[PDB]
>>> print(open('my_file-v1.cif').read())   # mmCIF, C-alpha atoms
data_query
loop_
_atom_site.label_atom_id
_atom_site.label_comp_id
_atom_site.auth_asym_id
_atom_site.auth_seq_id
_atom_site.Cartn_x
_atom_site.Cartn_y
_atom_site.Cartn_z
CA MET X 1 24.59 -75.64 -54.67
CA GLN X 2 22.97 -72.84 -52.72
CA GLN X 3 20.88 -74.72 -50.15
CA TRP X 4 20.06 -72.88 -46.92
CA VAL X 5 18.33 -75.01 -44.37
CA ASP X 6 17.00 -74.39 -40.87
CA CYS X 7 18.82 -71.04 -40.96
CA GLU X 8 17.84 -67.67 -39.51
CA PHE X 9 18.81 -64.32 -41.09
CA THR X 10 17.77 -61.10 -39.27
CA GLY X 11 18.39 -57.57 -40.51
CA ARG X 12 20.51 -58.75 -43.48
CA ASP X 13 21.34 -56.79 -46.61
CA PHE X 14 21.10 -58.85 -49.76
CA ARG X 15 20.74 -55.76 -51.89
CA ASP X 16 21.02 -56.60 -55.59
CA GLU X 17 22.40 -60.11 -55.20
CA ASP X 18 22.00 -62.86 -57.72
CA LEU X 19 20.17 -65.56 -55.74
CA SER X 20 18.65 -67.30 -58.72
CA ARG X 21 18.00 -71.03 -58.17
CA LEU X 22 18.48 -70.69 -54.39
CA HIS X 23 16.95 -73.52 -52.33
CA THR X 24 15.76 -72.82 -48.77
CA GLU X 25 14.08 -75.08 -46.31
CA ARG X 26 12.71 -73.80 -43.06
CA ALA X 27 14.85 -70.66 -43.54
CA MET X 28 13.69 -67.59 -41.53
CA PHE X 29 14.46 -64.18 -43.13
CA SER X 30 13.29 -61.33 -40.82
CA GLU X 31 13.66 -57.69 -41.69
CA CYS X 32 16.03 -58.46 -44.56
CA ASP X 33 16.49 -56.18 -47.60
CA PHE X 34 15.98 -58.01 -50.93
CA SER X 35 15.78 -54.85 -53.09
CA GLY X 36 16.94 -55.47 -56.68
CA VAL X 37 17.60 -59.14 -55.92
CA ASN X 38 17.33 -61.83 -58.60
CA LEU X 39 15.44 -64.79 -57.09
CA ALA X 40 14.28 -66.31 -60.38
CA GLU X 41 13.58 -70.05 -60.26
CA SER X 42 14.23 -70.30 -56.49
CA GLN X 43 12.58 -72.98 -54.37
CA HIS X 44 11.39 -72.71 -50.82
CA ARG X 45 9.66 -75.01 -48.36
CA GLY X 46 8.70 -74.16 -44.73
CA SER X 47 10.54 -70.78 -45.06
CA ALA X 48 9.52 -67.33 -43.87
CA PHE X 49 10.26 -63.86 -45.23
CA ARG X 50 9.00 -61.69 -42.40
CA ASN X 51 8.82 -57.89 -42.61
CA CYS X 52 11.24 -57.94 -45.56
CA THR X 53 11.72 -55.39 -48.31
CA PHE X 54 11.21 -56.71 -51.80
CA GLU X 55 11.72 -53.38 -53.66
CA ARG X 56 11.88 -54.40 -57.30
CA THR X 57 12.66 -58.03 -56.65
CA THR X 58 12.57 -60.69 -59.31
CA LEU X 59 10.76 -63.84 -58.16
CA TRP X 60 9.41 -65.38 -61.38
CA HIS X 61 9.46 -69.11 -61.95
CA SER X 62 9.90 -69.76 -58.25
CA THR X 63 8.17 -72.26 -56.05
CA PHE X 64 7.00 -71.51 -52.50
CA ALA X 65 5.33 -74.26 -50.42
CA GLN X 66 4.20 -73.84 -46.78
CA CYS X 67 5.96 -70.47 -46.61
CA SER X 68 5.11 -67.16 -44.98
CA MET X 69 5.58 -63.68 -46.45
CA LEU X 70 4.20 -62.07 -43.25
CA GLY X 71 4.42 -58.27 -43.27
CA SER X 72 6.72 -58.03 -46.29
CA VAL X 73 6.46 -55.28 -48.84
CA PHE X 74 6.52 -55.94 -52.53
CA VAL X 75 7.04 -52.98 -54.82
CA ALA X 76 7.05 -53.49 -58.53
CA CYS X 77 8.31 -57.11 -58.26
CA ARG X 78 8.23 -59.75 -60.96
CA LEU X 79 5.79 -62.16 -59.35
CA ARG X 80 4.58 -64.13 -62.38
CA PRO X 81 4.60 -66.94 -63.08
CA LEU X 82 4.84 -68.46 -59.56
CA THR X 83 3.90 -71.69 -57.84
CA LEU X 84 2.36 -70.84 -54.46
CA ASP X 85 1.20 -73.67 -52.32
CA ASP X 86 -0.16 -72.81 -48.91
CA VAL X 87 1.64 -69.47 -48.79
CA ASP X 88 0.76 -66.94 -46.10
CA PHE X 89 0.67 -63.27 -47.28
CA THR X 90 -0.82 -61.94 -44.11
CA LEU X 91 -0.15 -58.18 -43.65
CA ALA X 92 2.08 -58.16 -46.72
CA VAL X 93 1.83 -55.12 -49.04
CA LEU X 94 1.37 -55.92 -52.71
CA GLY X 95 -0.23 -52.76 -54.04
CA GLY X 96 0.51 -52.01 -57.66
CA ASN X 97 1.79 -55.47 -58.59
CA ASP X 98 0.61 -57.57 -61.49
CA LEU X 99 -0.74 -60.88 -60.03
CA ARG X 100 -2.85 -61.84 -63.06
CA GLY X 101 -3.72 -65.52 -63.38
CA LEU X 102 -1.88 -66.59 -60.26
CA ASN X 103 -3.33 -69.58 -58.45
CA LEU X 104 -3.77 -68.41 -54.80
CA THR X 105 -6.02 -71.30 -53.84
CA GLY X 106 -6.13 -71.69 -50.05
CA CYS X 107 -3.59 -68.91 -49.29
CA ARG X 108 -3.96 -66.49 -46.47
CA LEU X 109 -4.29 -62.90 -47.50
CA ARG X 110 -5.48 -61.58 -44.13
CA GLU X 111 -5.01 -57.81 -43.88
CA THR X 112 -2.98 -57.99 -47.13
CA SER X 113 -2.82 -54.65 -48.87
CA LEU X 114 -3.81 -54.84 -52.53
CA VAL X 115 -4.21 -51.17 -53.52
CA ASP X 116 -4.42 -50.94 -57.30
CA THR X 117 -3.11 -54.58 -57.48
CA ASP X 118 -4.06 -56.50 -60.66
CA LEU X 119 -5.62 -59.87 -59.69
CA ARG X 120 -7.69 -60.36 -62.85
CA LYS X 121 -8.30 -64.07 -63.52
CA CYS X 122 -6.64 -65.13 -60.23
CA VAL X 123 -7.89 -68.37 -58.64
CA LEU X 124 -8.78 -67.37 -55.07
CA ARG X 125 -10.78 -70.43 -54.23
CA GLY X 126 -10.89 -71.01 -50.51
CA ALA X 127 -8.43 -68.19 -49.71
CA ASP X 128 -8.78 -65.93 -46.65
CA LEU X 129 -9.18 -62.27 -47.74
CA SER X 130 -10.38 -61.07 -44.34
CA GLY X 131 -9.35 -57.51 -43.58
CA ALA X 132 -7.61 -57.24 -46.98
CA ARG X 133 -7.39 -53.66 -48.39
CA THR X 134 -8.76 -53.80 -51.96
CA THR X 135 -8.92 -50.17 -52.86
CA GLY X 136 -8.57 -50.11 -56.62
CA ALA X 137 -7.97 -53.86 -56.79
CA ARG X 138 -8.95 -55.59 -59.99
CA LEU X 139 -10.56 -58.96 -59.47
CA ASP X 140 -12.42 -59.08 -62.72
CA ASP X 141 -12.82 -62.67 -63.91
CA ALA X 142 -11.22 -64.02 -60.74
CA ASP X 143 -12.56 -67.29 -59.24
CA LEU X 144 -13.55 -66.39 -55.63
CA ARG X 145 -15.66 -69.40 -54.75
CA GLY X 146 -15.41 -70.35 -51.09
CA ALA X 147 -13.03 -67.45 -50.25
CA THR X 148 -13.60 -65.64 -46.93
CA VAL X 149 -14.31 -62.00 -47.82
CA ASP X 150 -15.49 -58.96 -45.79
CA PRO X 151 -18.36 -56.67 -46.90
CA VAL X 152 -15.85 -53.93 -47.80
CA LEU X 153 -14.27 -56.06 -50.59
CA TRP X 154 -17.69 -56.36 -52.24
CA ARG X 155 -17.89 -52.52 -52.20
CA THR X 156 -14.40 -51.73 -53.33
CA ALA X 157 -12.94 -54.36 -55.63
CA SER X 158 -13.63 -54.34 -59.37
CA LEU X 159 -15.52 -57.65 -59.89
CA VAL X 160 -16.80 -57.81 -63.44
CA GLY X 161 -17.18 -61.48 -64.41
CA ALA X 162 -15.79 -62.62 -61.04
CA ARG X 163 -17.13 -66.13 -60.20
CA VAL X 164 -18.81 -66.24 -56.82
CA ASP X 165 -20.76 -68.88 -54.95
CA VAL X 166 -24.39 -68.37 -53.96
CA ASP X 167 -23.60 -67.10 -50.42
CA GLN X 168 -20.98 -64.67 -51.82
CA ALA X 169 -23.54 -63.27 -54.30
CA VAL X 170 -25.92 -62.72 -51.39
CA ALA X 171 -23.09 -61.16 -49.25
CA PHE X 172 -22.39 -58.80 -52.20
CA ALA X 173 -25.95 -57.55 -52.17
CA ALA X 174 -25.98 -57.21 -48.31
CA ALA X 175 -22.67 -55.23 -48.53
CA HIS X 176 -24.52 -52.80 -50.79
CA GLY X 177 -27.29 -52.24 -48.27
CA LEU X 178 -29.84 -54.94 -49.09
CA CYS X 179 -31.40 -56.77 -46.12
CA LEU X 180 -32.01 -60.46 -46.16
CA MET U 1 -71.60 -38.51 -49.58
CA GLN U 2 -72.18 -39.86 -53.13
CA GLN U 3 -72.20 -43.47 -54.28
CA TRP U 4 -71.60 -44.53 -57.94
CA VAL U 5 -72.35 -48.19 -58.31
CA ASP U 6 -72.47 -49.79 -61.73
CA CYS U 7 -71.93 -46.42 -63.37
CA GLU U 8 -70.08 -45.66 -66.56
CA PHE U 9 -68.58 -42.16 -67.15
CA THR U 10 -66.66 -41.61 -70.39
CA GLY U 11 -64.68 -38.45 -71.31
CA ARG U 12 -66.08 -36.65 -68.27
CA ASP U 13 -64.66 -33.44 -66.88
CA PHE U 14 -64.60 -33.82 -63.05
CA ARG U 15 -61.93 -31.13 -62.58
CA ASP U 16 -61.81 -29.27 -59.33
CA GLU U 17 -64.82 -31.08 -57.90
CA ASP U 18 -65.19 -32.02 -54.24
CA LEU U 19 -65.61 -35.83 -54.37
CA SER U 20 -64.49 -36.35 -50.76
CA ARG U 21 -65.96 -39.56 -49.26
CA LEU U 22 -67.26 -40.67 -52.66
CA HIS U 23 -67.94 -44.50 -52.77
CA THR U 24 -67.72 -46.28 -56.10
CA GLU U 25 -68.25 -49.90 -56.89
CA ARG U 26 -67.90 -51.67 -60.30
CA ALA U 27 -67.72 -48.12 -61.72
CA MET U 28 -66.01 -47.51 -65.05
CA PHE U 29 -64.22 -44.20 -65.73
CA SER U 30 -62.78 -43.90 -69.22
CA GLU U 31 -60.63 -40.94 -70.20
CA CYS U 32 -62.10 -38.76 -67.43
CA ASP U 33 -60.24 -35.81 -65.95
CA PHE U 34 -59.87 -35.70 -62.18
CA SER U 35 -57.39 -32.84 -62.04
CA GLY U 36 -57.60 -30.64 -58.95
CA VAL U 37 -60.17 -33.06 -57.50
CA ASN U 38 -60.65 -33.70 -53.81
CA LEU U 39 -61.06 -37.55 -53.56
CA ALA U 40 -59.97 -37.62 -49.89
CA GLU U 41 -61.31 -40.60 -47.90
CA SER U 42 -63.10 -41.92 -50.96
CA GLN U 43 -63.66 -45.73 -51.11
CA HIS U 44 -63.49 -47.86 -54.28
CA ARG U 45 -64.12 -51.49 -55.07
CA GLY U 46 -63.90 -53.24 -58.46
CA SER U 47 -63.74 -49.85 -60.21
CA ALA U 48 -61.61 -48.84 -63.24
CA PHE U 49 -59.98 -45.49 -64.05
CA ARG U 50 -58.74 -46.15 -67.57
CA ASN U 51 -56.49 -43.62 -69.27
CA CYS U 52 -57.67 -41.00 -66.78
CA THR U 53 -55.83 -37.83 -65.82
CA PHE U 54 -55.03 -37.00 -62.24
CA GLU U 55 -53.02 -33.76 -61.85
CA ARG U 56 -52.94 -32.26 -58.36
CA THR U 57 -55.62 -34.69 -57.17
CA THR U 58 -55.84 -35.63 -53.49
CA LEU U 59 -56.47 -39.35 -52.71
CA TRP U 60 -55.37 -39.00 -49.06
CA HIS U 61 -56.90 -41.68 -46.80
CA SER U 62 -58.85 -43.29 -49.64
CA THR U 63 -59.23 -47.04 -50.25
CA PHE U 64 -58.95 -48.80 -53.57
CA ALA U 65 -59.60 -52.62 -53.65
CA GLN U 66 -59.52 -54.71 -56.84
CA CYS U 67 -59.43 -51.61 -58.96
CA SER U 68 -57.77 -50.81 -62.27
CA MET U 69 -55.80 -47.57 -63.03
CA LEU U 70 -54.56 -48.81 -66.43
CA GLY U 71 -52.87 -46.08 -68.41
CA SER U 72 -53.86 -43.28 -66.02
CA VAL U 73 -51.46 -40.36 -65.38
CA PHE U 74 -50.78 -38.89 -61.91
CA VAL U 75 -48.86 -35.62 -61.61
CA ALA U 76 -48.09 -34.06 -58.20
CA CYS U 77 -50.97 -35.85 -56.43
CA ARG U 78 -51.42 -36.50 -52.70
CA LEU U 79 -51.15 -40.33 -52.84
CA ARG U 80 -50.38 -41.28 -49.23
CA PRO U 81 -51.14 -42.42 -46.85
CA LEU U 82 -53.96 -44.47 -48.37
CA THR U 83 -55.04 -48.11 -48.71
CA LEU U 84 -54.39 -50.20 -51.84
CA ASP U 85 -55.63 -53.83 -52.11
CA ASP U 86 -54.81 -55.31 -55.50
CA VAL U 87 -54.72 -52.45 -57.91
CA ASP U 88 -53.56 -52.62 -61.49
CA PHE U 89 -51.26 -49.73 -62.44
CA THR U 90 -50.25 -51.27 -65.82
CA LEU U 91 -48.98 -48.51 -68.12
CA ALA U 92 -49.84 -45.79 -65.56
CA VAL U 93 -47.56 -42.79 -65.13
CA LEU U 94 -46.59 -42.30 -61.46
CA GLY U 95 -43.30 -40.47 -61.99
CA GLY U 96 -42.27 -37.91 -59.44
CA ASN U 97 -44.99 -38.91 -56.93
CA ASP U 98 -44.49 -39.69 -53.23
CA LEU U 99 -45.94 -43.17 -52.52
CA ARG U 100 -43.94 -43.82 -49.39
CA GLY U 101 -45.25 -46.60 -47.14
CA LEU U 102 -48.06 -47.69 -49.48
CA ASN U 103 -48.98 -51.40 -49.63
CA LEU U 104 -48.42 -52.51 -53.22
CA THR U 105 -48.66 -56.26 -52.43
CA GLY U 106 -50.02 -58.09 -55.51
CA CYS U 107 -50.17 -54.93 -57.57
CA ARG U 108 -49.32 -54.95 -61.23
CA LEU U 109 -46.87 -52.25 -62.18
CA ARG U 110 -46.14 -53.52 -65.68
CA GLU U 111 -44.71 -50.87 -67.93
CA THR U 112 -45.51 -48.31 -65.20
CA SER U 113 -43.40 -45.15 -65.27
CA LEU U 114 -41.87 -44.80 -61.78
CA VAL U 115 -39.22 -42.23 -62.79
CA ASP U 116 -38.16 -40.31 -59.69
CA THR U 117 -41.05 -41.94 -57.84
CA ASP U 118 -40.55 -42.30 -54.01
CA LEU U 119 -41.48 -45.86 -52.97
CA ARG U 120 -39.45 -45.94 -49.74
CA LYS U 121 -40.85 -48.24 -47.13
CA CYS U 122 -43.46 -49.53 -49.56
CA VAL U 123 -44.41 -53.25 -49.40
CA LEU U 124 -44.16 -54.78 -52.83
CA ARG U 125 -44.53 -58.48 -52.16
CA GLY U 126 -45.96 -60.27 -55.19
CA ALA U 127 -45.98 -57.06 -57.31
CA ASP U 128 -44.94 -57.28 -60.93
CA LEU U 129 -42.57 -54.50 -62.06
CA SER U 130 -41.77 -56.02 -65.47
CA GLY U 131 -40.87 -53.27 -67.93
CA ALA U 132 -41.46 -50.51 -65.34
CA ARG U 133 -39.28 -47.33 -65.88
CA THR U 134 -37.41 -46.95 -62.60
CA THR U 135 -34.68 -44.39 -63.30
CA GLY U 136 -34.47 -42.32 -60.12
CA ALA U 137 -36.91 -44.57 -58.19
CA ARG U 138 -36.39 -44.71 -54.38
CA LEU U 139 -36.87 -48.20 -52.85
CA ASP U 140 -34.82 -47.72 -49.71
CA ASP U 141 -36.34 -49.74 -46.88
CA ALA U 142 -39.05 -51.18 -49.16
CA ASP U 143 -39.99 -54.86 -48.79
CA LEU U 144 -39.44 -56.37 -52.22
CA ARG U 145 -39.62 -60.09 -51.31
CA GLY U 146 -41.50 -62.06 -53.85
CA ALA U 147 -41.84 -59.18 -56.31
CA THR U 148 -41.03 -59.70 -60.02
CA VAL U 149 -38.48 -57.14 -61.28
CA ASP U 150 -36.20 -56.61 -64.30
CA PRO U 151 -32.31 -56.76 -63.82
CA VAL U 152 -32.11 -53.09 -64.59
CA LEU U 153 -34.07 -52.20 -61.44
CA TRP U 154 -30.99 -53.40 -59.41
CA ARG U 155 -28.84 -50.78 -61.19
CA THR U 156 -31.35 -47.91 -61.15
CA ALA U 157 -33.39 -47.82 -57.95
CA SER U 158 -31.85 -46.77 -54.61
CA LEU U 159 -32.17 -49.87 -52.30
CA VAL U 160 -30.57 -49.14 -48.96
CA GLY U 161 -32.28 -51.32 -46.38
CA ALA U 162 -34.64 -52.89 -48.96
CA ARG U 163 -35.63 -56.45 -48.07
CA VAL U 164 -35.10 -59.07 -50.62
CA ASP U 165 -35.17 -62.85 -50.88
CA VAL U 166 -32.22 -64.97 -51.95
CA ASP U 167 -33.01 -65.11 -55.69
CA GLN U 168 -33.25 -61.27 -55.80
CA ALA U 169 -29.97 -60.73 -53.98
CA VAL U 170 -28.42 -63.12 -56.55
CA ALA U 171 -29.98 -61.12 -59.41
CA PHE U 172 -28.64 -57.93 -57.85
CA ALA U 173 -25.12 -59.36 -57.84
CA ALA U 174 -25.58 -60.60 -61.43
CA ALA U 175 -26.94 -57.17 -62.41
CA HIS U 176 -23.64 -55.71 -61.23
CA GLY U 177 -21.63 -58.20 -63.33
CA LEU U 178 -20.80 -60.96 -60.82
CA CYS U 179 -21.07 -64.46 -62.17
CA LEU U 180 -22.91 -66.93 -60.05
CA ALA U 181 -20.99 -70.21 -60.00
CA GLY U 182 -21.98 -73.53 -58.48
CA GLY U 183 -19.52 -75.28 -56.20
#
>>> encode(input="my_file-v1.cif", output="structure tokens")
Amino acid sequence: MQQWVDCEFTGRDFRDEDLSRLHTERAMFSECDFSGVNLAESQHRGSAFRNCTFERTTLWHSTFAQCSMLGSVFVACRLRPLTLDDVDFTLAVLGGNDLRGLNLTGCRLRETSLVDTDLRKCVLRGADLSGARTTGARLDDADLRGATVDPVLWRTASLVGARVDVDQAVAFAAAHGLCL
Amino acid sequence: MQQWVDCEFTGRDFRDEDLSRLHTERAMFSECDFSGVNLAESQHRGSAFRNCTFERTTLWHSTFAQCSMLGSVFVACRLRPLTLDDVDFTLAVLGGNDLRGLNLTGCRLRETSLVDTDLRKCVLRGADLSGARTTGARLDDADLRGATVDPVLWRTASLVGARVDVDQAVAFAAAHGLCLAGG
């Protein structure tokens, strides 16, 4: 009914539109403005939202598979619940959002900014958090096993009850100054 | 140079004496006061200083091997550099002293007060710190591998550059609330 396939949208203004239930496949949105948009229950496969503005966007109940959110900014968006399968959030900005309980297994969060983001109880198994900014980030009770993490995350994220594998526990101590 | 071999001294006032280069062997000192004493370059083997008092005592360049210091109290002493070789500090009070670089391998520090004690660069392999009071303790650059320590040490002692084995690094993470998970 709204099915956009193998399309490319650059510099488009979708300000406040009702795009609920939208289906996209291999759709490329670059530098588009999605502020105030309703994207509830949308479905996307092979699509990209590059350097887009999601200022107060509603995305709950959506499904993203093999998609990229490269460089996009998310401010006070409704991002839960969400099905994310192999989604790339590289260089995206998600500070201040509530991501609790999301399953981010195997997603790329390279250089993703997570300042004061709530990730408590997230499943981050196998995800790439390299270069991520976790100032103020809450990862309490998150499952981090197998995730790639830099020393700085161990020093800055809140990690009470976070589940870590044996090499991560050792990396946490080295990040605090201990020498192995 | 004096030698006290197989001697027992109980409740003795040794305050302010010059005991430099003193050698003791299998000597027993119970509740003796060594405050203000010069024990520089003294050598001790199999001796015990039980519930003794050491305030402003100098032990600079001395050697203690298989000795006991159980319950003794050390306040503002010169305690380095010097040689330790299996010495029992159980229940001793070493708070506020500078023990930097000392070899505490195999030493028992059970219930030892190490409050504000400087242990930087010490070697503590095989030492037992169970129940030790370590608030303010400095362990930066110490070698802790193989030592036995309570979880609380990981939250109280400074540990920048300290060397640890894998099980200790895991305990450190656990001591800061991380949950070790298999898989």
>>> residues_near_point(input="my_file-v1.cif", point="(-12.1, -54.8, -54.6)", cutoff="6 Å", atoms="all atoms listed in the file", output="PyMOL selection string")
chain X and resi 134-135+137+153+156-158
>>> resolve_selection(input="my_file-v1.cif", expression="the PyMOL selection byres ((chain U) within 6 of (chain X))", output="ChimeraX atom specification")
/U:160-164,169-170,173,177-182
>>> residues_near_point(input="my_file-v1.cif", point="(-33.0, -52.0, -56.1)", cutoff="12 Å", atoms="only C-alpha atoms", output="short mmCIF file (atom, residue, chain, number, x, y, z; two decimals) with C-alpha atoms, in the frame of the given file")
data_model
loop_
_atom_site.label_atom_id
_atom_site.label_comp_id
_atom_site.auth_asym_id
_atom_site.auth_seq_id
_atom_site.Cartn_x
_atom_site.Cartn_y
_atom_site.Cartn_z
CA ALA X 173 -25.95 -57.55 -52.17
CA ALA X 174 -25.98 -57.21 -48.31
CA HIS X 176 -24.52 -52.80 -50.79
CA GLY X 177 -27.29 -52.24 -48.27
CA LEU X 178 -29.84 -54.94 -49.09
CA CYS X 179 -31.40 -56.77 -46.12
CA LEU U 119 -41.48 -45.86 -52.97
CA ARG U 120 -39.45 -45.94 -49.74
CA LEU U 124 -44.16 -54.78 -52.83
CA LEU U 129 -42.57 -54.50 -62.06
CA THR U 134 -37.41 -46.95 -62.60
CA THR U 135 -34.68 -44.39 -63.30
CA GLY U 136 -34.47 -42.32 -60.12
CA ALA U 137 -36.91 -44.57 -58.19
CA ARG U 138 -36.39 -44.71 -54.38
CA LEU U 139 -36.87 -48.20 -52.85
CA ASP U 140 -34.82 -47.72 -49.71
CA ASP U 141 -36.34 -49.74 -46.88
CA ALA U 142 -39.05 -51.18 -49.16
CA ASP U 143 -39.99 -54.86 -48.79
CA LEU U 144 -39.44 -56.37 -52.22
CA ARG U 145 -39.62 -60.09 -51.31
CA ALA U 147 -41.84 -59.18 -56.31
CA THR U 148 -41.03 -59.70 -60.02
CA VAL U 149 -38.48 -57.14 -61.28
CA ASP U 150 -36.20 -56.61 -64.30
CA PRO U 151 -32.31 -56.76 -63.82
CA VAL U 152 -32.11 -53.09 -64.59
CA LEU U 153 -34.07 -52.20 -61.44
CA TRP U 154 -30.99 -53.40 -59.41
CA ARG U 155 -28.84 -50.78 -61.19
CA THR U 156 -31.35 -47.91 -61.15
CA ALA U 157 -33.39 -47.82 -57.95
CA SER U 158 -31.85 -46.77 -54.61
CA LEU U 159 -32.17 -49.87 -52.30
CA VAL U 160 -30.57 -49.14 -48.96
CA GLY U 161 -32.28 -51.32 -46.38
CA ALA U 162 -34.64 -52.89 -48.96
CA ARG U 163 -35.63 -56.45 -48.07
CA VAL U 164 -35.10 -59.07 -50.62
CA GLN U 168 -33.25 -61.27 -55.80
CA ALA U 169 -29.97 -60.73 -53.98
CA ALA U 171 -29.98 -61.12 -59.41
CA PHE U 172 -28.64 -57.93 -57.85
CA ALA U 173 -25.12 -59.36 -57.84
CA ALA U 175 -26.94 -57.17 -62.41
CA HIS U 176 -23.64 -55.71 -61.23
#
>>> resolve_selection(input="my_file-v1.cif", expression="the PyMOL selection byres ((chain U and resi 49) around 7)", output="short mmCIF file (atom, residue, chain, number, x, y, z; two decimals) with C-alpha atoms, in the frame of the given file")
data_model
loop_
_atom_site.label_atom_id
_atom_site.label_comp_id
_atom_site.auth_asym_id
_atom_site.auth_seq_id
_atom_site.Cartn_x
_atom_site.Cartn_y
_atom_site.Cartn_z
CA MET U 28 -66.01 -47.51 -65.05
CA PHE U 29 -64.22 -44.20 -65.73
CA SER U 30 -62.78 -43.90 -69.22
CA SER U 47 -63.74 -49.85 -60.21
CA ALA U 48 -61.61 -48.84 -63.24
CA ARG U 50 -58.74 -46.15 -67.57
CA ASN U 51 -56.49 -43.62 -69.27
CA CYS U 52 -57.67 -41.00 -66.78
CA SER U 68 -57.77 -50.81 -62.27
CA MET U 69 -55.80 -47.57 -63.03
CA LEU U 70 -54.56 -48.81 -66.43
CA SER U 72 -53.86 -43.28 -66.02
#
>>> residues_around(input="my_file-v1.cif", residues="residue X:44", least_positions_apart="3", cutoff="10 Å", atoms="all atoms listed in the file", output="PyMOL selection string")
chain X and resi 3-5+22-27+47-48+62-67+84
>>> write_last_selection(input="my_file-v1.cif", atoms="C-alpha atoms", output="PDB file, in the coordinates of the input")
ATOM      1  CA  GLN X   3      20.880 -74.720 -50.150  1.00  0.00           C
ATOM      2  CA  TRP X   4      20.060 -72.880 -46.920  1.00  0.00           C
ATOM      3  CA  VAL X   5      18.330 -75.010 -44.370  1.00  0.00           C
ATOM      4  CA  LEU X  22      18.480 -70.690 -54.390  1.00  0.00           C
ATOM      5  CA  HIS X  23      16.950 -73.520 -52.330  1.00  0.00           C
ATOM      6  CA  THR X  24      15.760 -72.820 -48.770  1.00  0.00           C
ATOM      7  CA  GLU X  25      14.080 -75.080 -46.310  1.00  0.00           C
ATOM      8  CA  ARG X  26      12.710 -73.800 -43.060  1.00  0.00           C
ATOM      9  CA  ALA X  27      14.850 -70.660 -43.540  1.00  0.00           C
ATOM     10  CA  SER X  47      10.540 -70.780 -45.060  1.00  0.00           C
ATOM     11  CA  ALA X  48       9.520 -67.330 -43.870  1.00  0.00           C
ATOM     12  CA  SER X  62       9.900 -69.760 -58.250  1.00  0.00           C
ATOM     13  CA  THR X  63       8.170 -72.260 -56.050  1.00  0.00           C
ATOM     14  CA  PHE X  64       7.000 -71.510 -52.500  1.00  0.00           C
ATOM     15  CA  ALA X  65       5.330 -74.260 -50.420  1.00  0.00           C
ATOM     16  CA  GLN X  66       4.200 -73.840 -46.780  1.00  0.00           C
ATOM     17  CA  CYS X  67       5.960 -70.470 -46.610  1.00  0.00           C
ATOM     18  CA  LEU X  84       2.360 -70.840 -54.460  1.00  0.00           C
TER      19      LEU X  84
END
>>> closest_residue(input="my_file-v1.cif", among="U:5, U:37, U:77, U:127", to="residue U:94", atoms="only C-alpha atoms")
U:77
>>> atom_distance(input="my_file-v1.cif", atom1="atom CA of residue X:77", atom2="atom CA of residue X:110")
20.2 Å
>>> resolve_selection(input="my_file-v1.cif", expression="the PyMOL selection byres ((chain X and resi 72) around 12)", output="MDAnalysis selection string")
chainID X and resid 29:35 48:55 57 68:71 73:75 88:95 111:113
>>> residues_around(input="my_file-v1.cif", residues="residue X:41", least_positions_apart="6", cutoff="7 Å", atoms="all atoms listed in the file", output="ChimeraX atom specification")
/X:20-21,60-62
>>> atom_distance(input="my_file-v1.cif", atom1="atom CA of residue U:110", atom2="atom CA of residue U:86")
13.5 Å
>>> closest_residue(input="my_file-v1.cif", among="U:62, U:42, U:4, U:12", to="residue U:25", atoms="all atoms listed in the file")
U:4
>>> atom_distance(input="my_file-v1.cif", atom1="atom CA of residue U:8", atom2="atom CA of residue U:87")
18.9 Å
>>> residues_around(input="my_file-v1.cif", residues="residue U:122", least_positions_apart="4", cutoff="7 Å", atoms="all atoms listed in the file", output="PDB file with C-alpha atoms, keeping the file's coordinate frame")
ATOM      1  CA  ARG U 100     -43.940 -43.820 -49.390  1.00  0.00           C
ATOM      2  CA  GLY U 101     -45.250 -46.600 -47.140  1.00  0.00           C
ATOM      3  CA  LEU U 102     -48.060 -47.690 -49.480  1.00  0.00           C
ATOM      4  CA  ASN U 103     -48.980 -51.400 -49.630  1.00  0.00           C
ATOM      5  CA  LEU U 104     -48.420 -52.510 -53.220  1.00  0.00           C
ATOM      6  CA  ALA U 142     -39.050 -51.180 -49.160  1.00  0.00           C
ATOM      7  CA  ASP U 143     -39.990 -54.860 -48.790  1.00  0.00           C
TER       8      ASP U 143
END
>>> residues_around(input="my_file-v1.cif", residues="residue U:36", least_positions_apart="5", cutoff="10 Å", atoms="only C-alpha atoms", output="mmCIF file with C-alpha atoms, keeping the file's coordinate frame")
data_model
loop_
_atom_site.group_PDB
_atom_site.id
_atom_site.type_symbol
_atom_site.label_atom_id
_atom_site.label_comp_id
_atom_site.auth_asym_id
_atom_site.auth_seq_id
_atom_site.Cartn_x
_atom_site.Cartn_y
_atom_site.Cartn_z
ATOM 1 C CA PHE U 14 -64.600 -33.820 -63.050
ATOM 2 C CA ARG U 15 -61.930 -31.130 -62.580
ATOM 3 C CA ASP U 16 -61.810 -29.270 -59.330
ATOM 4 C CA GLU U 17 -64.820 -31.080 -57.900
ATOM 5 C CA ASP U 18 -65.190 -32.020 -54.240
ATOM 6 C CA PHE U 54 -55.030 -37.000 -62.240
ATOM 7 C CA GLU U 55 -53.020 -33.760 -61.850
ATOM 8 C CA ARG U 56 -52.940 -32.260 -58.360
ATOM 9 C CA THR U 57 -55.620 -34.690 -57.170
ATOM 10 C CA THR U 58 -55.840 -35.630 -53.490
ATOM 11 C CA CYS U 77 -50.970 -35.850 -56.430
#
>>> closest_residue(input="my_file-v1.cif", among="X:127, X:104, X:99, X:28", to="residue X:148", atoms="all atoms listed in the file")
X:127
>>> residues_around(input="my_file-v1.cif", residues="residue U:19", least_positions_apart="2", cutoff="6 Å", atoms="only C-alpha atoms", output="list in words")
residues 17, 22, 38 and 39 of chain U
